[PDB]
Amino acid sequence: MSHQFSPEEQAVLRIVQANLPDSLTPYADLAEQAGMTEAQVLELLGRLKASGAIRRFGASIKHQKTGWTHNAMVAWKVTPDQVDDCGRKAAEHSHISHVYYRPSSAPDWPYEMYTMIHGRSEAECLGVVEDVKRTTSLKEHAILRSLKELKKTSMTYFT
């Protein structure tokens, strides 16, 4: 972090990565806690918002069903000429949020295209898997059913 941000700026970012101070005047509170002027606090956040480094400065809210219920990570074989078309045609499905291509040259892990599938039931999530086979050239796959969630944590970027 010290190559991109002064110590005072990192002090700001450490506070805001959790919560804004709870007053009418949070940016003046940030300035007194960190080394700096309220105007410098606002320039710093303003700069990172503008650049995209801060994706959102604001309220994260509950509900809005973050995927009705029930997730499904499935990995598919795919040749280089198929990647972009399959990735695109796969991503078009309403129940598929995103598709990654993660190359692999492990002989016993030949799957490279990952479709993150959303559902209600088992056989819905697997129904989406049949949907992918009829609407893309993807065929061979491995369902990596989650058995146990071992860690679930948010990243701390400013320490």
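Heads up: residue numbers just count along the shown sequence, starting at 1.
In this entry, 63 to 71 has the higher mean Cα B-factor, the comparison being between 99 to 107 and 63 to 71. The PDB entry reports B-factors from which the mean C-alpha value can be compared for 54 to 62 and 38 to 46; the larger average falls on 54 to 62. Among all modelled residues in its chain, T153 ranks in the middle third by Cα B-factor. Remark: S2 belongs to the highest third of its chain, ranked by C-alpha B-factor as recorded.
For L126, the recorded CA temperature factor ranks within the highest third of the chain's modelled residues. Among the modelled residues of its chain, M113 has a C-alpha B-factor that falls in the lowest third, as given in the PDB entry. Compared with the other modelled residues of the chain, the Cα B-factor recorded for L30 ranks in the lowest third.
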